[PDB]
Amino acid sequence: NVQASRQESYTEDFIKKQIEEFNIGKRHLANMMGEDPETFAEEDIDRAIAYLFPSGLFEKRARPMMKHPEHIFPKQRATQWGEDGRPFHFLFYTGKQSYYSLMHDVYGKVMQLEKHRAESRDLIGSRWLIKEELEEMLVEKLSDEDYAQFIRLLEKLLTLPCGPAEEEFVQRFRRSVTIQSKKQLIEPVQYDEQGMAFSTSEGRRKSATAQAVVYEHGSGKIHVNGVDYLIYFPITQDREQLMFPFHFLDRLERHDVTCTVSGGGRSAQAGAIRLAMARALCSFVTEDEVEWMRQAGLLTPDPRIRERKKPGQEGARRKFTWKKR
Amino acid sequence: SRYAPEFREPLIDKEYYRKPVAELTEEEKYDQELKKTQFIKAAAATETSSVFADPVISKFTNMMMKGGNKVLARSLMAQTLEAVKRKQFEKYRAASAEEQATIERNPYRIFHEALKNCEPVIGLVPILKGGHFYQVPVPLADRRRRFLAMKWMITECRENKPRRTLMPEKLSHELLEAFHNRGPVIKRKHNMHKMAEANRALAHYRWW
Amino acid sequence: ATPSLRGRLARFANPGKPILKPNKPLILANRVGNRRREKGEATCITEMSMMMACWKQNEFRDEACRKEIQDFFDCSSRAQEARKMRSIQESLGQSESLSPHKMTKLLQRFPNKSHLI
Amino acid sequence: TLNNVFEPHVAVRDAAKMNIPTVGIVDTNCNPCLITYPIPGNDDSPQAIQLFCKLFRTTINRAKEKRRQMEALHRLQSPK
Amino acid sequence: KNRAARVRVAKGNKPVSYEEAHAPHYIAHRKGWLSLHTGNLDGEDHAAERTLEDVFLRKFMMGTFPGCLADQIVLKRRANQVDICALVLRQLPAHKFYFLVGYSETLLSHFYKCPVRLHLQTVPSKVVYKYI
RNA sequence: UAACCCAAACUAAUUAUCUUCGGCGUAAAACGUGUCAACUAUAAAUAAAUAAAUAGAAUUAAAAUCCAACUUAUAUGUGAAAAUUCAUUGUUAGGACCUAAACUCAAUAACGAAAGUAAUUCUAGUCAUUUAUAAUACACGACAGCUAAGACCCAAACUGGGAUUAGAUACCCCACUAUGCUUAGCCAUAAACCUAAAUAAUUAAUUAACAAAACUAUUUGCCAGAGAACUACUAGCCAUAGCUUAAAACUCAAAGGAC
RNA sequence: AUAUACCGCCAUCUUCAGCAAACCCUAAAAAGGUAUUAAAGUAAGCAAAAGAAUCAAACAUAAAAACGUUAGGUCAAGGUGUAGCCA
Ligand SMILES: [K+]
Ligand SMILES: [Mg+2]
Ligand SMILES: [Mg+2]
Ligand SMILES: [Mg+2]
Ligand SMILES: [Mg+2]
Ligand SMILES: [Mg+2]
Ligand SMILES: [Mg+2]
Ligand SMILES: [Mg+2]
Ligand SMILES: [Mg+2]
Ligand SMILES: [Mg+2]
Ligand SMILES: [Mg+2]
Ligand SMILES: [Mg+2]
Ligand SMILES: [Mg+2]
Ligand SMILES: [Mg+2]
Ligand SMILES: [Mg+2]
Ligand SMILES: [Mg+2]
Ligand SMILES: [Mg+2]
Ligand SMILES: [Mg+2]
Ligand SMILES: [Mg+2]
Ligand SMILES: [Mg+2]
Ligand SMILES: [Mg+2]
Ligand SMILES: [Mg+2]
């Protein structure tokens, strides 16, 4: 009692026709947009379709697309046996011919290294490919236990003496980790009409936003919104928050800052200025100092913001009293 | 929390970053190199490199704050320290040269040593034996021992004071009377120890 | 030497009355039981008594028992690290022997068969 | 013919269900009843397994080669 | 449990169209809006009157093309022009569609006092997004 | 209303016609145990010498009890208390008693028909019928109970007191008797069940389930839906509120076993 | 009138991890079907996940949450089966 549409597997003639219709589609889309068909590219196509079929759906998989059939149609796994019915691969009846064909090779490599008989960190900052990536290479689905065993076997290969052939092999399964540059983006150093050097940077705390303009040479005169900092910030804790950047680098009384903070309350405005001053002062400090600031919290934006209230609740987390029973 | 678990608590010690590289233990040296590849939480609004910032007093202030009124709680603590400094200067000036030596006029040193005196070492705890709860003397941890001293101070002053007295005048008179080990909060410590003495019989019930 | 199991159970071979009346069949299982949890003993119980003993004489005044109070902290400070160090290392290692889970998996690699193959 | 829990390999019973003949090496602790062509012999020693693997490989290659020669001779006769 | 506009699971034999498959929380994410007018934009008036016209226009087309609608109609208002885009099954003869187009256009242009046009795309049969 | 069956018949009531080669670990059922007959079968000429069978006499190590000396002020009891006790309590290399019961060995598996039997020593003592098969006969038969006279450390139905509970004719605490012991006699019942009668085989031509694999032959006993019913009546018996023997009316369409 | 005939729209378990379809295996199966140094399980759908939203980033919060359970709530949102009133 199974009555649902079967997988519409795509034959080579089907995909072949889908590529002829796509090739004729490009020539028409080029003629519509007034461009030259010879140079028309995938990038131009995506731009043309977005103009001619404006869609504002948030998920971009659901938007109109005129892509090459290879990109949209999943690669059909080829037939694994011929006309006589004899499987093409000797491990066909295992059910994971490609996973076991790979595990057969790595186990044979290990045996020759062990029979035949330096630092093993030939590659650094690399990771083993994740299960999803391995599955794609093998063009089949694996279990978590299948992945765990494959890695253990590959590690044993690295432990043993490895000729350049092995190093190239294990390389295929090592993905270069794109370690992000967790380092400050130093601001430029502009010059004023007077000719003095100064840097600018923005800062945001809660709903407050600030734009500081630190000067390379000064006596410690901080002006917030054209007012002094003792006047603008009558609270000591707010002034201490402005002191933190300079006091940390022992640069008190050596710079003149001009701030413009709009939004938020007294505490949120002092915090926004602190970040704005810390980011502007980066251009006038050594790179070792910039790392000292980043590692002391002076260069990180605070992500803590007020949480929306919930319907059916007194507050963001506060609940209504569970009535007595 | 809006900070992913990979974020690191900030280190706001000014000298630490400026120390010569050789002066740092390799364990400390290791963390610095590791932190270059990690995320760092932004420093709190009350976290500064100021030389006058004391964590113990900053914590004591937050335990007095009501409804997020940090200005008032900080103001009350400032008035207390001043009320203690002014009370010792009066005694110092009105004392002989011999007595003057002993008198302590540092309010920060009167505050810390006053709290440490109030700290209770062992307090009764409910422990389960044979599916039944018994009150067995237990060694109190550092955090619980410190919390109890501060809580007992902020509670004697808040409640057991005349109506027209103010917290800077009751707290100052209590920190000073707990700097000489002769106060109500010290008596509360002596009760916790007195009760544990009576229940020493059940001490072995502890399994750690 | 395992006790004798010949002429114990009630069977058509055994002429006399049975000796053993097992609640369950006497066939080795392929698992081991989960070892029931074990708890420790009080640490620094003697040092706590010494501290408390001095208080009783000196009206629970910490001025007299300053030295004893420092011994109580010393024992607790050592035990504090000892419980931390032993849980992190010894428990994780399981070097001395197998656990019930590890033992059962080995007993299942060479399982006992009370039936013909 | 045994799995790693010292029980008959599942494919012995399942190959009989599908009526597939089975050539199996049976040792003194195995059950040859369902093996079509049992070969009594040692299954644990590396020298015994290597001998059996060689025999089955030489035998299979000879049979495949003979088929090619048989086809060429008979095929050649058709024009000739 | 939420029961709003959700075509529930059966035993894999219920054909559902793209519109039916997606629950309300996919509106503006995977599926768009069937009616497009300017009356729900900020600082715009006559939302109530555009919404009432839509309810009627949908009930009118269902009765005027009974059993001939493959999917819900799409209403497009530009200036005072109304445009009705309906997927219709190829059940009726061709000439009958010309009659119903002339009739339904003239009748709805004299009822709402606007130019109304009917756009019909004929499908051989209902298009099935998935079997649920 | 229509259909279906039978048809000079048709339906109802009543009565009659069908009757043991099946079973007995858990569904009904192997008798508490052994021995002697006559049949029916069977066919070999052995046994015994066995560690706790049985009976009698003597004996005793530990722990109690009693008396005595010294002696805390309490001792005892519970999950927590009360009640009880100071004529107690603890120690005694002090005295008396010889009541009762037999640690370790025993992780042993022996003896005996079964019931049952294991502290030591000595006396008496188990043994040959080919084998299975016996009552209306003979002899035995745990525990509890009865009769007469003794014993009495400890235990303990009943009873009294304390507690618990809504109540507590109980479960827990204390005291104490019948009784457990000995000498005779009686009673003859057990989940007397290893729920599996005894004997001689056999292990392939063999899974209802579960339990302790299946199964043949021989001989006796027993069983034939459940409840009524370890009941009523009858006869026997040292048994008198008893034991063995053991129905029917009436009720139900199930009960029961294993999963 | 009946939520104990229902649609519609929800509550609860619940941010629980399952549900149902087609098969395959068992000295028969009322049902059951896992062991990774692998022992009878398999391959698709729904849910979870992913993705999208809070207009960089993450995290968080929202949203989402199958089959069922409570004859759960609502004939008074509207509609509607059956029964009832129609000076
Ligand atoms: K029994
Ligand atoms: Mg609130
Ligand atoms: Mg049993
Ligand atoms: Mg072998
Ligand atoms: Mg029976
Ligand atoms: Mg005495
Ligand atoms: Mg004595
Ligand atoms: Mg003799
Ligand atoms: Mg009573
Ligand atoms: Mg008596
Ligand atoms: Mg008697
Ligand atoms: Mg009887
Ligand atoms: Mg018995
Ligand atoms: Mg009876
Ligand atoms: Mg009777
Ligand atoms: Mg009678
Ligand atoms: Mg309901
Ligand atoms: Mg909820
Ligand atoms: Mg997102
Ligand atoms: Mg989700
Ligand atoms: Mg209801
Ligand atoms: Mg209701």
# chains A, B, ... in the order shown; residues from 1 in each chain; ligands from 1
$ closest_atom_pairs --of "chain G" --to "chain E" --cutoff "8 Å" --atoms "only C-alpha atoms (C1' of nucleotides)" --output "JSON lines"
{"residue": "G:9", "atom": "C1'", "partner": "E:3", "partner_atom": "CA", "distance": 6.8}
{"residue": "G:10", "atom": "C1'", "partner": "E:2", "partner_atom": "CA", "distance": 6.9}
{"residue": "G:20", "atom": "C1'", "partner": "E:11", "partner_atom": "CA", "distance": 6.7}
{"residue": "G:21", "atom": "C1'", "partner": "E:11", "partner_atom": "CA", "distance": 6.5}
{"residue": "G:45", "atom": "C1'", "partner": "E:12", "partner_atom": "CA", "distance": 6.7}
{"residue": "G:46", "atom": "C1'", "partner": "E:9", "partner_atom": "CA", "distance": 6.8}
{"residue": "G:52", "atom": "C1'", "partner": "E:29", "partner_atom": "CA", "distance": 6.5}
{"residue": "G:63", "atom": "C1'", "partner": "E:25", "partner_atom": "CA", "distance": 7.7}
$ write_last_selection --atoms "C-alpha atoms (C1' of nucleotides)" --output "PDB file, in the first residue's frame"
ATOM      1  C1'   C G   9      -9.144  27.256  16.150  1.00  0.00           C
ATOM      2  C1'   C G  10      -6.278  25.795  20.491  1.00  0.00           C
ATOM      3  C1'   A G  20       3.585   5.646  10.308  1.00  0.00           C
ATOM      4  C1'   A G  21       4.446   3.062   5.144  1.00  0.00           C
ATOM      5  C1'   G G  45       8.295   9.949   4.390  1.00  0.00           C
ATOM      6  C1'   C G  46       6.844  13.170   8.855  1.00  0.00           C
ATOM      7  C1'   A G  52      14.994  31.494   7.645  1.00  0.00           C
ATOM      8  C1'   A G  63       9.248  30.763  16.118  1.00  0.00           C
TER       9        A G  63
END
$ residues_near_ligand --ligand "ligand 19" --cutoff "10 Å" --atoms "only C-alpha atoms (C1' of nucleotides) and all ligand atoms" --output "VMD selection string"
chain G and resid 51 to 54 58
$ residues_around --residues "residue 299 in chain A" --least-positions-apart "5" --cutoff "8 Å" --atoms "only C-alpha atoms (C1' of nucleotides)" --output "JSON, numbers by chain"
{"A": [184, 275, 278, 279, 293, 294], "B": [42]}
$ residues_near_ligand --ligand "ligand 18" --cutoff "12 Å" --atoms "only C-alpha atoms (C1' of nucleotides) and all ligand atoms" --output "PyMOL selection string"
(chain A and resi 312) or (chain E and resi 1-2) or (chain G and resi 10-16+64-65)
$ interface_residues --of "chain A" --to "chain B" --cutoff "9 Å" --atoms "only C-alpha atoms" --output "ChimeraX atom specification"
/A:179-183,235-238,240-241,243-245,247-250,267-268,270-271,289,291-305
$ residues_around --residues "residue 13 in chain D" --least-positions-apart "4" --cutoff "12 Å" --atoms "only C-alpha atoms (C1' of nucleotides)" --output "PyMOL selection string"
(chain D and resi 1-2+7-9+17-22+31-36) or (chain G and resi 25+40)
$ residues_around --residues "residue 20 in chain F" --least-positions-apart "2" --cutoff "12 Å" --atoms "only C-alpha atoms (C1' of nucleotides)" --output "ChimeraX atom specification"
/F:22-23,224
$ residues_near_ligand --ligand "ligand 5" --cutoff "9 Å" --atoms "only C-alpha atoms (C1' of nucleotides) and all ligand atoms" --output "list in words"
residues 24, 26, 27, 28, 29 and 195 of chain F
$ write_last_selection --atoms "N, CA and C atoms (P, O5', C5', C4', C3', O3' and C1' of nucleotides)" --output "PDB file, in the first residue's frame"
ATOM      1  P     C F  24       0.754 -37.446  31.061  1.00  0.00           P
ATOM      2  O5'   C F  24       0.627 -37.518  32.646  1.00  0.00           O
ATOM      3  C5'   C F  24       0.059 -36.445  33.379  1.00  0.00           C
ATOM      4  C4'   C F  24      -0.232 -36.840  34.804  1.00  0.00           C
ATOM      5  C3'   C F  24       0.928 -37.430  35.589  1.00  0.00           C
ATOM      6  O3'   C F  24       1.804 -36.441  36.103  1.00  0.00           O
ATOM      7  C1'   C F  24      -1.011 -38.746  35.923  1.00  0.00           C
ATOM      8  P     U F  26       1.878 -32.032  39.001  1.00  0.00           P
ATOM      9  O5'   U F  26       1.904 -30.499  38.571  1.00  0.00           O
ATOM     10  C5'   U F  26       2.297 -29.484  39.482  1.00  0.00           C
ATOM     11  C4'   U F  26       2.329 -28.135  38.812  1.00  0.00           C
ATOM     12  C3'   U F  26       1.063 -27.739  38.067  1.00  0.00           C
ATOM     13  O3'   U F  26       0.082 -27.178  38.924  1.00  0.00           O
ATOM     14  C1'   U F  26       2.967 -27.317  36.709  1.00  0.00           C
ATOM     15  P     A F  27      -1.220 -28.013  39.359  1.00  0.00           P
ATOM     16  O5'   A F  27      -2.265 -27.734  38.195  1.00  0.00           O
ATOM     17  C5'   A F  27      -2.090 -28.295  36.904  1.00  0.00           C
ATOM     18  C4'   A F  27      -3.262 -27.982  36.013  1.00  0.00           C
ATOM     19  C3'   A F  27      -4.411 -28.977  36.029  1.00  0.00           C
ATOM     20  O3'   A F  27      -5.294 -28.753  37.116  1.00  0.00           O
ATOM     21  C1'   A F  27      -3.905 -28.304  33.794  1.00  0.00           C
ATOM     22  P     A F  28      -5.303 -29.719  38.399  1.00  0.00           P
ATOM     23  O5'   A F  28      -6.576 -30.645  38.169  1.00  0.00           O
ATOM     24  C5'   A F  28      -7.397 -31.046  39.256  1.00  0.00           C
ATOM     25  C4'   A F  28      -7.837 -32.480  39.110  1.00  0.00           C
ATOM     26  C3'   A F  28      -6.726 -33.516  39.177  1.00  0.00           C
ATOM     27  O3'   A F  28      -6.430 -33.886  40.513  1.00  0.00           O
ATOM     28  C1'   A F  28      -8.103 -33.936  37.290  1.00  0.00           C
ATOM     29  P     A F  29      -4.994 -33.588  41.169  1.00  0.00           P
ATOM     30  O5'   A F  29      -4.386 -35.037  41.421  1.00  0.00           O
ATOM     31  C5'   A F  29      -5.196 -36.104  41.898  1.00  0.00           C
ATOM     32  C4'   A F  29      -4.952 -37.362  41.109  1.00  0.00           C
ATOM     33  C3'   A F  29      -3.491 -37.749  40.935  1.00  0.00           C
ATOM     34  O3'   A F  29      -2.993 -38.490  42.034  1.00  0.00           O
ATOM     35  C1'   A F  29      -4.581 -37.813  38.838  1.00  0.00           C
ATOM     36  P     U F 195      10.471 -30.175  43.236  1.00  0.00           P
ATOM     37  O5'   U F 195       8.967 -30.668  43.407  1.00  0.00           O
ATOM     38  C5'   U F 195       8.457 -31.746  42.631  1.00  0.00           C
ATOM     39  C4'   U F 195       7.387 -32.504  43.376  1.00  0.00           C
ATOM     40  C3'   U F 195       6.572 -33.474  42.527  1.00  0.00           C
ATOM     41  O3'   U F 195       6.161 -34.584  43.323  1.00  0.00           O
ATOM     42  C1'   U F 195       5.146 -31.806  43.400  1.00  0.00           C
TER      43        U F 195
END
$ residues_near_ligand --ligand "ligand 13" --cutoff "8 Å" --atoms "only C-alpha atoms (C1' of nucleotides) and all ligand atoms" --output "PyMOL selection string"
chain F and resi 115+142+192-193
$ atom_distance --atom1 "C1' of residue 102 in chain F" --atom2 "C1' of residue 119 in chain F"
5.5 Å
$ residues_around --residues "residue 125 in chain B" --least-positions-apart "2" --cutoff "7 Å" --atoms "only C-alpha atoms (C1' of nucleotides)" --output "count of residues only"
6
$ closest_atom_pairs --of "chain C" --to "chain B" --cutoff "9 Å" --atoms "only C-alpha atoms" --output "CSV"
residue,atom,partner,partner_atom,distance
C:39,CA,B:207,CA,6.3
C:40,CA,B:207,CA,5.0
C:41,CA,B:207,CA,4.8
C:42,CA,B:207,CA,5.1
C:43,CA,B:208,CA,6.0
C:45,CA,B:204,CA,6.9
C:48,CA,B:139,CA,8.5
C:49,CA,B:200,CA,7.8
C:52,CA,B:197,CA,6.5
C:53,CA,B:197,CA,8.6
C:55,CA,B:193,CA,8.7
C:56,CA,B:197,CA,8.2
C:59,CA,B:190,CA,8.7
C:60,CA,B:190,CA,6.1
C:61,CA,B:190,CA,7.6
C:62,CA,B:117,CA,8.6
C:69,CA,B:121,CA,8.5
C:73,CA,B:121,CA,8.8
C:76,CA,B:139,CA,8.0
C:79,CA,B:208,CA,8.8
C:83,CA,B:208,CA,8.4
$ write_last_selection --atoms "C-alpha atoms" --output "PDB file, in the first residue's frame"
ATOM      1  CA  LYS C  39      31.443   6.416  49.316  1.00  0.00           C
ATOM      2  CA  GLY C  40      34.430   7.813  51.178  1.00  0.00           C
ATOM      3  CA  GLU C  41      35.129   8.645  54.806  1.00  0.00           C
ATOM      4  CA  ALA C  42      35.209  11.940  56.674  1.00  0.00           C
ATOM      5  CA  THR C  43      38.454  13.852  56.123  1.00  0.00           C
ATOM      6  CA  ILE C  45      37.523  14.776  61.458  1.00  0.00           C
ATOM      7  CA  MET C  48      37.883  19.575  63.444  1.00  0.00           C
ATOM      8  CA  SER C  49      37.545  18.100  66.938  1.00  0.00           C
ATOM      9  CA  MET C  52      36.239  22.721  68.474  1.00  0.00           C
ATOM     10  CA  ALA C  53      37.914  21.482  71.659  1.00  0.00           C
ATOM     11  CA  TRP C  55      36.814  26.886  71.536  1.00  0.00           C
ATOM     12  CA  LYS C  56      34.915  25.174  74.355  1.00  0.00           C
ATOM     13  CA  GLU C  59      34.205  30.614  75.103  1.00  0.00           C
ATOM     14  CA  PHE C  60      34.340  30.169  71.318  1.00  0.00           C
ATOM     15  CA  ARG C  61      36.897  32.964  70.919  1.00  0.00           C
ATOM     16  CA  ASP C  62      39.099  32.544  67.848  1.00  0.00           C
ATOM     17  CA  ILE C  69      42.220  27.123  63.253  1.00  0.00           C
ATOM     18  CA  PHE C  73      42.459  24.938  57.144  1.00  0.00           C
ATOM     19  CA  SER C  76      41.091  20.886  54.439  1.00  0.00           C
ATOM     20  CA  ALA C  79      42.160  17.218  51.168  1.00  0.00           C
ATOM     21  CA  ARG C  83      39.851  15.030  46.055  1.00  0.00           C
TER      22      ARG C  83
END
$ residues_around --residues "residue 150 in chain B" --least-positions-apart "3" --cutoff "8 Å" --atoms "only C-alpha atoms (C1' of nucleotides)" --output "ChimeraX atom specification"
/B:60,115,146-147,153-154
$ decode --residues "range 7-26 of chain D" --atoms "N, CA and C atoms" --output "PDB file, in the first residue's frame"
ATOM      1  N   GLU D   7      29.616 -18.241  16.295  1.00  0.00           N
ATOM      2  CA  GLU D   7      28.325 -18.694  15.807  1.00  0.00           C
ATOM      3  C   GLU D   7      28.411 -18.794  14.294  1.00  0.00           C
ATOM      4  N   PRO D   8      27.561 -19.604  13.670  1.00  0.00           N
ATOM      5  CA  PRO D   8      27.611 -19.719  12.209  1.00  0.00           C
ATOM      6  C   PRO D   8      27.393 -18.371  11.538  1.00  0.00           C
ATOM      7  N   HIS D   9      28.188 -18.108  10.504  1.00  0.00           N
ATOM      8  CA  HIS D   9      28.007 -16.903   9.707  1.00  0.00           C
ATOM      9  C   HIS D   9      26.583 -16.862   9.167  1.00  0.00           C
ATOM     10  N   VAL D  10      25.952 -15.689   9.260  1.00  0.00           N
ATOM     11  CA  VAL D  10      24.551 -15.567   8.866  1.00  0.00           C
ATOM     12  C   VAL D  10      24.348 -15.990   7.418  1.00  0.00           C
ATOM     13  N   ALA D  11      25.365 -15.817   6.576  1.00  0.00           N
ATOM     14  CA  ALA D  11      25.231 -16.083   5.151  1.00  0.00           C
ATOM     15  C   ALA D  11      25.199 -17.567   4.824  1.00  0.00           C
ATOM     16  N   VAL D  12      25.489 -18.442   5.787  1.00  0.00           N
ATOM     17  CA  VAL D  12      25.385 -19.877   5.538  1.00  0.00           C
ATOM     18  C   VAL D  12      23.922 -20.283   5.438  1.00  0.00           C
ATOM     19  N   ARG D  13      23.111 -19.854   6.405  1.00  0.00           N
ATOM     20  CA  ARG D  13      21.685 -20.154   6.368  1.00  0.00           C
ATOM     21  C   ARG D  13      20.989 -19.356   5.274  1.00  0.00           C
ATOM     22  N   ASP D  14      21.382 -18.094   5.093  1.00  0.00           N
ATOM     23  CA  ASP D  14      20.702 -17.239   4.129  1.00  0.00           C
ATOM     24  C   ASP D  14      21.054 -17.614   2.698  1.00  0.00           C
ATOM     25  N   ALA D  15      22.217 -18.227   2.481  1.00  0.00           N
ATOM     26  CA  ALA D  15      22.561 -18.687   1.143  1.00  0.00           C
ATOM     27  C   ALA D  15      21.802 -19.955   0.782  1.00  0.00           C
ATOM     28  N   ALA D  16      21.480 -20.787   1.773  1.00  0.00           N
ATOM     29  CA  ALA D  16      20.633 -21.944   1.515  1.00  0.00           C
ATOM     30  C   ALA D  16      19.202 -21.513   1.223  1.00  0.00           C
ATOM     31  N   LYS D  17      18.720 -20.476   1.914  1.00  0.00           N
ATOM     32  CA  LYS D  17      17.369 -19.985   1.670  1.00  0.00           C
ATOM     33  C   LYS D  17      17.206 -19.514   0.235  1.00  0.00           C
ATOM     34  N   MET D  18      18.258 -18.953  -0.346  1.00  0.00           N
ATOM     35  CA  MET D  18      18.224 -18.468  -1.714  1.00  0.00           C
ATOM     36  C   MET D  18      18.662 -19.533  -2.704  1.00  0.00           C
ATOM     37  N   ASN D  19      18.975 -20.736  -2.221  1.00  0.00           N
ATOM     38  CA  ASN D  19      19.452 -21.832  -3.058  1.00  0.00           C
ATOM     39  C   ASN D  19      20.706 -21.425  -3.828  1.00  0.00           C
ATOM     40  N   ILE D  20      21.703 -20.973  -3.084  1.00  0.00           N
ATOM     41  CA  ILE D  20      23.031 -20.661  -3.606  1.00  0.00           C
ATOM     42  C   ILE D  20      24.000 -21.705  -3.065  1.00  0.00           C
ATOM     43  N   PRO D  21      24.753 -22.402  -3.914  1.00  0.00           N
ATOM     44  CA  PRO D  21      25.735 -23.363  -3.399  1.00  0.00           C
ATOM     45  C   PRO D  21      26.886 -22.668  -2.686  1.00  0.00           C
ATOM     46  N   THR D  22      27.430 -23.348  -1.676  1.00  0.00           N
ATOM     47  CA  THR D  22      28.465 -22.781  -0.817  1.00  0.00           C
ATOM     48  C   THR D  22      29.637 -23.745  -0.692  1.00  0.00           C
ATOM     49  N   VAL D  23      30.834 -23.259  -1.006  1.00  0.00           N
ATOM     50  CA  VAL D  23      32.082 -23.985  -0.797  1.00  0.00           C
ATOM     51  C   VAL D  23      32.740 -23.392   0.442  1.00  0.00           C
ATOM     52  N   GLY D  24      32.784 -24.140   1.535  1.00  0.00           N
ATOM     53  CA  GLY D  24      33.265 -23.606   2.793  1.00  0.00           C
ATOM     54  C   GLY D  24      34.341 -24.461   3.425  1.00  0.00           C
ATOM     55  N   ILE D  25      35.295 -23.785   4.060  1.00  0.00           N
ATOM     56  CA  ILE D  25      36.327 -24.441   4.854  1.00  0.00           C
ATOM     57  C   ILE D  25      35.755 -24.658   6.245  1.00  0.00           C
ATOM     58  N   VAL D  26      35.655 -25.916   6.658  1.00  0.00           N
ATOM     59  CA  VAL D  26      35.044 -26.280   7.929  1.00  0.00           C
ATOM     60  C   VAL D  26      36.112 -26.905   8.810  1.00  0.00           C
TER      61      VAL D  26
END
